[PDB]
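Worksheet: one structure, shown below.
Every chain is numbered from 1, with letters handed out A, B, ... down the list of sequences. Note that these values count all heavy atoms, side chains included, but never hydrogens, waters or copies made by symmetry.
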Amino acid sequence: XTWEXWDXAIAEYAXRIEXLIXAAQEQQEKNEXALXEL
Amino acid sequence: XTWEXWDXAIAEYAXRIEXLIXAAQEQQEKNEXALXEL
Amino acid sequence: XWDXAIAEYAXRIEXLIXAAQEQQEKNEXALXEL
């Protein structure tokens, strides 16, 4: 169980950040849409 | 008081991660600025 | 020992925030071209 709880939480923030880097790659692939339309 | 302290310290790093993920989203929402200034 | 623990979390998390900024510098490719 609480310490091994936290080391859970941090790995499941690291979910959220690999989330952000989803979002950024799926901007990159809109940007490369834009550069299509140009 | 000590471990309910430690469990304080970790939750207030998890403050900073949620600071960082502010910063990443408010860069993402600058990127969508760049993609505006087309 | 424990401030060990947090600094070696910030290893992992701020490791990943490396990966996000070095995706951001991929995003700045098109936003370079346009």
Run the numbers on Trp6(A) and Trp3(A) for ring-ring contact (aromatic ring centres under 6.0 Å, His included), then give the verdict.
-> CA-CA 5 Å; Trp6(A) 283 116; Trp3(A) 194 312; over 10 Å; no
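A donor-acceptor contact closer than 3.5 angstrom is absent between the side chains of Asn31(A) and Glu33(C). A donor and an acceptor atom, one from each side chain of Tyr13(A) and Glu18(B), are located under 3.5 Å apart.
Between the CG atom of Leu35(A) and the CG atom of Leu34(C) there is a distance of 5.0 Å, given to the nearest 0.5 Å. Atom-to-atom distance recorded for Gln27(B):CD and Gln23(C):CD is 11.5 Å, nearest 0.5 angstrom.
Remark: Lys26(C) does not engage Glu32(A) in a salt bridge, criterion side-chain N to carboxylate O under 4.0 Å.
In this structure, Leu16(C) and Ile21(A) approach most closely via the heavy-atom pair O-CD1, 4.0 Å.
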